[PDB]
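# Fold and contact review
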Amino acid sequence: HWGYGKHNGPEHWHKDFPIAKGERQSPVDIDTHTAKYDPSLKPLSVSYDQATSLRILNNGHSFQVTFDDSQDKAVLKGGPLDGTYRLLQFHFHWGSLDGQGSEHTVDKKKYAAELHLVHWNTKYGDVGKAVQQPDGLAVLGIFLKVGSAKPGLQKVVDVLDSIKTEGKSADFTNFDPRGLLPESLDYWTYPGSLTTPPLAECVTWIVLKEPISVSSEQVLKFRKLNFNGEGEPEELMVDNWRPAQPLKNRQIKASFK
Ligand SMILES: NCC(=O)N(CCc1ccc(S(N)(=O)=O)cc1)Cc1ccco1
Ligand SMILES: [Zn+2]
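Residues numbered from 1 in each chain as written, not as in the entry; some residues may be left out. Chains lettered and ligands numbered in written order. Heavy atoms only, no water.

### Concerning the coordination of the zinc ion (ligand 2)
Taken together, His 91 (NE2), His 93 (NE2) and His 116 (ND1) make up the protein donors of the zinc ion (ligand 2), found 2.0 Å from the metal. Between the 4 donor atoms coordinating the zinc ion (ligand 2), the angles at the centre fall across 98 to 118 degrees, so the site counts as tetrahedral. Sequence spacing among the residues donating to the zinc ion (ligand 2) works out to H-x1-H-x22-H. Here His 91 is found in strand β7 (residues 85-94), whereas its partner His 116 is found in strand β9 (residues 113-121), with 25 residues between them in sequence. Summarising the burial analysis for this pair, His 91 and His 116 share the class buried. (Donors = N, O, S within 2.8 Å, 3.2 Å for Na, K, Ca; no water. Tetrahedral: all angles 85-135°; square planar, octahedral: opposite > 155°, others 65-115°. Helix = DSSP H or I, 4+ residues; strand = E, 2+ residues; numbered from the N terminus. Buried < 20%, exposed > 50% of the residue type's maximum accessible area, 1.4 Å probe, protein only.)

This is how it looks when you write it as structure tokens:
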């Protein structure tokens with residue numbers, strides 16, 4: 001029922017998911033002058049060399065690449081995190097125009113899109129258990145700006161015509177998510193939530209400061225996807241982002257000076 005339109009979009013979600021008005025909701029605006037450098041944070045450890053992608057799919061709110069998370073292959077550790085978090089999937093949020101599309105903002109600036117690499121804390125055994133814990137998930141967020149192409153994204157872009165509508169999926173093996181990462185792992189971190197229903201407050205957010213550049217042709221392909229399933233009125237999958245939510249009693253920490 002929920003979506004991103006006038007009658008079912010983010011301002012309506014609280015009726016079915018009252019935690020939408022909770023104390024640690026995401027995304028947020030990152031005020032760069034108020035985020036404090038935390039010298040106690042450790043460097044992130046992004047260990048993706050053994051990642052095993054499985055499928056790419058249109059779920060009616062984004063498109064997602066899924067990974068085999070039945071053992072410790074692709075893992076996120078360090079930074080603000082305690083323990084080992086396994087990569088489950090990545091997906092994107094994007095706009096109808098290059099100025100909008102990210103969920104997090106930086107000094108109120110919106111990027112054209114935002115990549116979310118979703119990981120779960122192995123101490124909880126499965127993702128369903130992890131989403132019920134305040135430290136169950138860690139999402140690595142990466143901003144996309146429009147400029148030069150990202151070569152490591154092209155394999156994704158070229159397969160989107162095969163998953164145009166909700167429900168569609170395709171084999172998507174041997175995709176290397178390291179090709180989506182910027183040079184720097186400098187980041188901001190804060191405790192938050194899933195940005196789509198059920199909006200569970202189970203996420204340690206790690207948002208990289210350095211955006212990746214993608215080309216206009218690449219993001220234009222994102223915007224040809226459909227929210228609807230095959231054989232329904234065509235509603236372009238654009239502006240599938242939740243706006244910034246109140247920071248409330250939280251501090252955003254920076255890994256860098
Ligand atoms: N298998 C369950 C599952 O994965 N869900 C979606 C997970 C989800 C992951 C990441 C983000 S995001 N955009 O914050 O990165 C938003 C939602 C549904 C759910 C959550 C809790 C219970 O059910
Ligand atoms: Zn997301």
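### Looking at the site of ligand 1
Near ligand 1, the surroundings consist of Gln 89, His 91, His 93, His 116, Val 118, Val 131, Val 139, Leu 194, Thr 195, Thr 196, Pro 198 and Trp 205. In this structure, a nitrogen atom belonging to ligand 1 sits 2.8 Å away from a side-chain N or O atom of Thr 195. For ligand 1, the accessible surface in isolation is 540 Å², of which the surrounding protein chains cover 71%. Judged by its atoms lying within 2 Å of the grid points, ligand 1 is housed in the largest pocket. Mapped by element, the contributors of at least two residues to the shell around ligand 1 are β7 and β9. (Near = heavy atom within 4 Å. Polar contact = N/O pair within 3.5 Å; in protein donor to acceptor, adjacent residues only side chain to side chain. Areas by Shrake-Rupley, 256 points an atom, 1.4 Å probe, with all protein chains shown as cover. 1 Å grid on protein atoms, 1.4 Å probe; cavity = no way out; pocket = protein on both sides within 12 Å on 5 of 7 lines; lining within 4 Å. Sits in = over half its atoms within 2 Å of the grid points.)

### A closer look at the pattern of salt bridges
Counted by the stated rule, this structure contains 7 salt bridges. The residue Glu 23 makes a salt bridge to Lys 248 at a minimum N-O spacing of 3.7 Å. Taken as a pair, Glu 23 in the loop between α1 (13-16) and β1 (29-30) and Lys 248 in the loop between α4 (216-222) and β15 (253-254) lie far apart in primary sequence, 225 residues in all. When its relative accessible area of 53% is taken as the criterion, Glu 23 is described as exposed. Exposure remark for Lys 248: the relative accessible area of 40% places this residue in the partly exposed category. The closest approach of N and O atoms between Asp 98 and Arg 223, which form a salt bridge, is 2.9 Å. Taken together, the residues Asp 98 in the loop between β7 and β8 (105-106) and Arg 223 in the loop between α4 and β15 connect sequence positions 125 residues apart. The class of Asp 98 is partly exposed, set by a relative accessible area of 38%. By relative accessible area, which is 7% here, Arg 223 ends up buried. (Salt bridge = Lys/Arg side-chain N within 4 Å of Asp/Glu carboxyl O.)

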